[PDB]
Ligand SMILES: [Cu+]
């Protein structure tokens, strides 16, 4: 009931797709950042929302800026998120798998960078 994911200096996640076993009551993502660039210039976060909500999350996050991890505080669209990390740093996030609803489309993404993928219940 976890997955390790990396974001690198070339604005790439190392996976495009996360699957969550329905046996899991909670799920944990462990984000890391191979490379050499620091947070203030190539910081990554890992953020989960519905596909429909992603654009607003990104837009409001960019408006909120670096010190708020490029996320709007208390954004109710955000199901789960990590903090922003620079190279060598790590953050994990855990969420309640019962927040994932039947028939909904979930996406994960970094807010400052064009990096995204799908999250699916197995
Ligand atoms: Cu990023």
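Heads up, the Cβs are rebuilt from the backbone with ideal geometry, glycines too, and the neighbour counts pull from every protein chain shown. A short reminder: the numbers here are calculations on the coordinates, not readings from a lab.
Sort 47, 41 so the one with the fewest other Cβ atoms within 10 Å of its own Cβ comes first.
Exposure proxy ranking, most exposed first: 41, 47.
For each of 69, 9, count neighbouring Cβ atoms within 10 Å of the residue's Cβ, then give the residues from fewest to most.
The most exposed by this proxy come first: 9, 69.
What do you get for the angle between helix 54-64 and the principal long axis of the chain? Use alpha-carbon atoms, 0 to 90 degrees, nearest ten.
Value to nearest ten degrees: 40.
Each label point is 7 Å from the Cα along the Cα-to-Cβ direction; what then is the distance between the points at residue 75 and residue 118, in nm?
2.2
Antiparallel versus total DSSP beta bridges in the chain: what percent is that, nearest 5?
Approximately 70 percent, going by the DSSP bridge assignments.
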